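Per-entry structural report
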Amino acid sequence: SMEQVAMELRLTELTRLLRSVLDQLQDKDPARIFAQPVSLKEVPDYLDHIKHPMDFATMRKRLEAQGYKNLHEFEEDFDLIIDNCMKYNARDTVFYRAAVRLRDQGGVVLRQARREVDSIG
């Protein structure tokens, strides 16, 4: 149907805007602390602590499959990256502090992304 095409075009254009958002958020992580999944070889207890691991690579895979239907879904995965790190790692650690800085800086980006998603539709 043409309606299914139009919906698919909307998903594609959302994906475009989320790709740009993802790039901008990841630039707020110049240390690359959140770039890849936590290795279960190197942190063998991780899944006892964190039930839904997340990282920028995993998000990028979902994005490229057009797997985010709306901005809320994408924000949920970003918040997991931050929140997981702030639970596993103590306040005095480079990891925790990196997450706070990513959260604070990412807020700015996400605030305007929400306006753009509502505005363009």
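**Describing the pattern of salt bridges**
The tally for this structure, following the rule as stated, stands at six salt bridges. A salt bridge links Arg19 to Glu64, with the nearest nitrogen and oxygen atoms 2.7 Å apart. Taken as a pair, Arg19 in helix α1 (residues 2-27) and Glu64 in helix α3 (residues 56-64) lie far apart in primary sequence, 45 residues in all. One network of salt bridges, in which partners are shared, links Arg62, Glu73 and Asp77.

**Side note on the packing of α1 against helix α4 (residues 71-88)**
Relative orientation of the contacting elements α1 and α4 amounts to 20°, with a least axis distance of 12 Å. The pairing of α1 with α4 is recorded here as roughly parallel in orientation. Of the two possible hands of crossing, α1 and α4 adopt the one that is right-handed. Across the interface between the two elements, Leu18, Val21, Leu22 and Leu25 from α1 touch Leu71, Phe74 and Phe78 from α4.

**Digging into the packing of aromatic side chains**
Counting across every chain of the model gives three aromatic pairs. When the centroid spacing of 5.2 Å and the interplanar angle of 65° are considered together, the rings of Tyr46 and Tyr88 count as edge-to-face. One end of the pair, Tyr46, is in helix α2 (residues 46-49); the other, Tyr88, is in helix α4, and 42 residues separate them in sequence. A relative accessible area of 7% places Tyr46 in the buried class. A ring pair is formed by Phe56 and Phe78, whose centres lie 6.5 Å apart and whose planes are at 25°; its orientation type is stacked. On the criterion of sequence distance, the pair formed by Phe56 in helix α3 and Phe78 in helix α4 is long-range, its members being 22 residues apart. By the burial criterion, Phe56 is buried, and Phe78 matches it.

About the thresholds
- Residues numbered from 1 in each chain as written, not as in the entry; some residues may be left out.
- Heavy atoms only, no water.
- Residues with missing side-chain atoms left out of burial classes, pairs and counts.
- Salt bridge = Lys/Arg side-chain N within 4 Å of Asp/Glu carboxyl O.
- Helix = DSSP H or I, 4+ residues; strand = E, 2+ residues; numbered from the N terminus.
- Axes fitted to C-alpha atoms, helices over the stretch in contact; angles between N-to-C directions.
- Parallel < 35°, antiparallel > 145°, perpendicular 65-115°, else oblique.
- Left-handed = near helix turned anticlockwise from the far one by under 90°.
- Contact = heavy atoms within 4.5 Å.
- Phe/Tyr/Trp six-rings, centres within 6.5 Å; stacked < 30°, edge-to-face > 60°.
- Buried < 20%, exposed > 50% of the residue type's maximum accessible area, 1.4 Å probe, protein only.

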